[PDB]
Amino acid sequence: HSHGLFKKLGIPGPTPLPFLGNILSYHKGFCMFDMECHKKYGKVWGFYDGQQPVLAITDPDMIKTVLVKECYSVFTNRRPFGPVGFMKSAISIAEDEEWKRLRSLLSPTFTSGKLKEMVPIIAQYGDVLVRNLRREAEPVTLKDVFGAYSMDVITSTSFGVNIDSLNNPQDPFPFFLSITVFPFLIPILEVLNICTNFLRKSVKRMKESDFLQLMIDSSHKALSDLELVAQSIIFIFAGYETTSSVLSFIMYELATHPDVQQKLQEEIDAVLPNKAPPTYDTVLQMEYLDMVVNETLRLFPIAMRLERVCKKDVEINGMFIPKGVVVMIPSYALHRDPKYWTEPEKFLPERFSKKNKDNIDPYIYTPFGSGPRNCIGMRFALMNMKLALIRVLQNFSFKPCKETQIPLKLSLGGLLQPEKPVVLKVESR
C-alpha cells in the first residue's frame, strides 16, 4: 500500500515487508534500530511501523522547523494513542484546538513563582525520605524509595495529601503495541468500550469546597469532571515515574563514578553550608548539579524518540513531506552520536560545563523536547529532582553492590527502564 512512499520520494531506508513494514528490525529495541539506520542512511531516512510511514530527521535546522517553526500550522500533534476513552481529553494526548486550550489552561501551573511556593511543601517530604533512607541494613532498590517520594510530592503539589509510603500507597500505575503494526483497530476499541476506574473517580471525588484548585475554577474555556481527572492522571504519572526513574538513573552513575559523586557532594556542602535547608534559589545555582542531571538525561532520555504527525503538505529545508507521515527525531540516537559527542557512551558531566555548554546544539540534545509541545512540567521536574539529589547526598553516599547490574543494560523494548533495578549500597556519614 503506502509502502512505496519513500521509494517514490527518493528517500532511503530499510525495505519494508508486507503488512509488518520494518517492525521486525525492532528485535533489539528501536534505539538500536534508530542508531543503525542513522549510520547506514545518513541525515534523513524513512521506514514503516506496519503500514505507517515514519520519516526520521537528524538535521538541527530541520528539527527546529518541525518542533518550533511549523508547530501550530503543521506539526501540532504526535502519534494518536488509543484506545483511551475519556483519556482522549488529556493534554498529553489531545490534538490541535483542544490541546491548544488545555495548554493555555494548564500553563500557569509551573510559572517562575508558582514553583517558588512549592519548595516549603516539597522540603518536608525530603526529610521523610532521609528518615526512610537512614535505615541501616548494613543494597537498596533506588526506584521504590524514589517512587515513594515522587508520588508524595506530586500528589501534594497538585492536591492535598501526604503519604509516608513505608506502608502501602494507593497509586497502582505493558508489552502491548500490536496497534503500531495494525492501528486501524483503534477505532474498533473506541466503540468496544476500552480504556482507569479506581482512580477514574478517586480523583473525581476531589471537591475542596494549586493544580486541582486552579481547574475546578471551570465561554469556550470549560472543563468537565472527567477532563479534571484526565489531566490529573497525566500529572500524577509524570510526577511519579519520570522523577523517580531519572533519580535512580542519576544515582547509578553517581555510584559507578565516585569522583563525580564526591565532587557533587562537595558542591552541596559549600553552597548549602551546615546542611542548610534547600531553598528555591540554592538549587538554581549549584552548577555541577545541573551538569550531572543534564549528562544523565543525555545517556538516558525518557523520550528516546520525539515525533510529530504531519497534518498538511510541507516543504521544509528543501524537502517535501506529505500529509499523514510521522516525522521522528531519534533523540537517543542523537544523544549517542559520535559526531556531536566525543566518546558518547561515557558519562562525562563536563560536557555541560560553562565553556562546553556552547558546543551543544539545542536541537540535538532535547531531553524535554522543545517548542509549544515541550515538557510542560520541565522546570517542576528539574526542581523536584534537584531538591531530592541535594538532601539525599548531603547525608548519604551510594556505592555498588553484588546485587547491582554493572554495566546497567536498558530494556531493549520501548521504555527508559533498566533491565534490572538499580540496587545500590547506601552508606551514611
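For the two forms, the rigid core is made up of the largest set of C-alpha atoms that agree within 1.5 Å on superposition. The numbering used is simple: start at 1 and walk along the sequence shown.
Next item on the list: Rigid core fitted first, then name the stretch among 266 to 274 and 129 to 137 whose C-alphas deviate most from the displayed form in 9 other deposited structures of this protein.
Entry: Stretch with the larger root mean square C-alpha distance in 9 other deposited structures of this protein: 129 to 137.
Next item on the list: Find the stretch among 410 to 418 and 6 to 14 with the larger RMS C-alpha deviation in 9 other deposited structures of this protein, all structures being superposed on the shown form by the rigid core.
Entry: Larger mean C-alpha displacement, comparing 410 to 418 and 6 to 14 in 9 other deposited structures of this protein, is found in 410 to 418.
Checklist line | Flanks modelled, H220 absent in at least a third of other entries | finding: Result for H220: often missing, at least a third of the compared entries.
Notebook entry, point to check: According to the entry, are there none, 1 to 3, 4 to 9, or 10 or more residues of the deposited sequence without coordinates between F173 and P174?
Noted result: A long stretch, 10 or more residues, is missing between them.
Next item on the list: Could you tell me how many residues of the deposited sequence sit unmodelled between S209 and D210 (none, 1 to 3, 4 to 9, 10 or more)?
Entry: Gap between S209 and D210: 10 or more residues without coordinates.
Item checked: Residue range whose averaged C-alpha B-factor is higher in the record, 88 to 96 or 157 to 165 -> Going by the record's values, the stretch with the higher mean is 157 to 165.
Notebook entry, point to check: In the PDB record, does 339 to 347 or 183 to 191 carry the higher mean Cα temperature factor?
Noted result: Averaged over C-alpha atoms, the B-factors run higher in 183 to 191.
Check: Which of these has the highest Cα B-factor in the record: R103, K275, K311, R78?
Finding: Across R103, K275, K311, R78, the entry lists the biggest C-alpha B-factor for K275.
Margin query: Among the choices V325, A255, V119, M304, identify the one whose CA B-factor in the record is greatest.
Written below: Top of the list by C-alpha B-factor: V119.
Next item on the list: Please place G147 in the lowest, middle or highest third of its chain by C-alpha B factor as given in the entry.
Entry: As the PDB entry reports it, the C-alpha B-factor of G147 lands in the middle third of its chain.
Check: Ranked by Cα temperature factor within the chain, is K114 in the lowest third, the middle third or the highest third?
Finding: Highest third of the chain for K114's C-alpha B-factor.
Margin query: Please place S107 in the lowest, middle or highest third of its chain according to the CA B-factor in the PDB entry.
Written below: Middle third by C-alpha B-factor.
Next item on the list: Taking the values exactly as deposited, rank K402 by C-alpha B-factor within its chain and report the matching third: lowest, middle or highest.
Entry: Highest third - that is where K402 ends up once the chain's C-alpha B-factors are sorted.
Check: Mind checking which third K201 falls in for C-alpha B-factor across the chain?
Finding: Highest third - that is where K201 ends up once the chain's C-alpha B-factors are sorted.
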